[PDB]
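Here we start with a single chain on its own, the form deposited in one PDB entry, put down as structure tokens.
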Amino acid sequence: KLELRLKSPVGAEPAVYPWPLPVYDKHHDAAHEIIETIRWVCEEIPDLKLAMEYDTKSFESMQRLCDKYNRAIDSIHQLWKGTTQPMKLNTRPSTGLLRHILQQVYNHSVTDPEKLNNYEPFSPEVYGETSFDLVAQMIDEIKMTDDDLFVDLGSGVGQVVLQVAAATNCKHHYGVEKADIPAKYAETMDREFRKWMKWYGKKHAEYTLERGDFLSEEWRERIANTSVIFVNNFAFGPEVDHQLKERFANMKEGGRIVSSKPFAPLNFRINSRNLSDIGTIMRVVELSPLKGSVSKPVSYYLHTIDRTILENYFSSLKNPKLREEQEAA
């Protein structure tokens, strides 16, 4: 048996790979994961990048790369023992590193990715090469603080929950998934994610990947108490979207829902016939699309619970002037 090992930059257990190096799918294999890990650790640590003064099918050539990386790591650990300051260990991963870490967690967790169903509207042979970016855009645009609770509704193997948990301060992040196959992989994604984040010396916020149905009664109260919801509802039917509207109607003021299809018209106009529709209690905006993203770019929608829309309508009805105007129609 032959092996390649990469040392952890913070002294966790080394990553070990058998030779020949495994292929994970049509676009991912262990040789590129190794090269990319080396590259990313070099971004974490300048002196390492400096000190790194390649045929992926030659063992010797790949061992010469690993050896070189490992010797460089040893010398950086020595440097840290001296007066030099160690790497800050309390930090979150940059977006780029997080993309790599999640690909790596997915590689080791999702043993047969063909079993998982494609998430419309994204490409099926792409592994989040745009969904990852959209979520990244949202993480930046949506201020989240430690008083927030986050849910991804229908969370698959947990790819979005783990991204968001790596990046934000929400008190807790949840994913709820209904199907056996994705739920089982989520169990492993969790394990591998905790392990690889330790390996790179990075922190995440608390999260839980749970098995459940988000239309169940247990999730009624839980949706009600969530302040940020992500849901890729583009392919949902009108019955399921309707049931979600019922749940969203119980959210607290300021609650936010980001979706791929809006749950209410963007120019909702409140009157006697639409008094009970969800548009009476939320602002809806079309978010800024991300250049370099086909499906015409991917559009996405932010809803904010705001009952003052409804308060003003009722106040307007008490005013006989405004009341007469509305009765123009």
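Shifts are known only where both forms have a C-alpha. All residue numbers are counted from 1 along the displayed sequence. Take the two forms, find the largest set of C-alpha atoms that superpose within 1.5 Å, and that set is the rigid core.
Beyond the structure shown, there is the form deposited in another entry, which is absent from this document and is the topic of what follows.
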property: Conformational change between the shown form and the other one, one of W219, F122, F132, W196, C-alpha moving 2 Å or more after core fit; result: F122
property: In that other deposited form, whether the C-alpha atoms of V176 and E129 sit closer or farther than here (change of 3 Å or more); result: closer
property: Closer or farther: C-alpha pair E129/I45 in that other deposited form, relative to this form, given a change of 3 Å or more; result: farther
property: Structural rearrangement between the shown form and the other one, runs of 3 or more with C-alpha shift of 2 angstroms or more, core superposed; result: 117 to 130
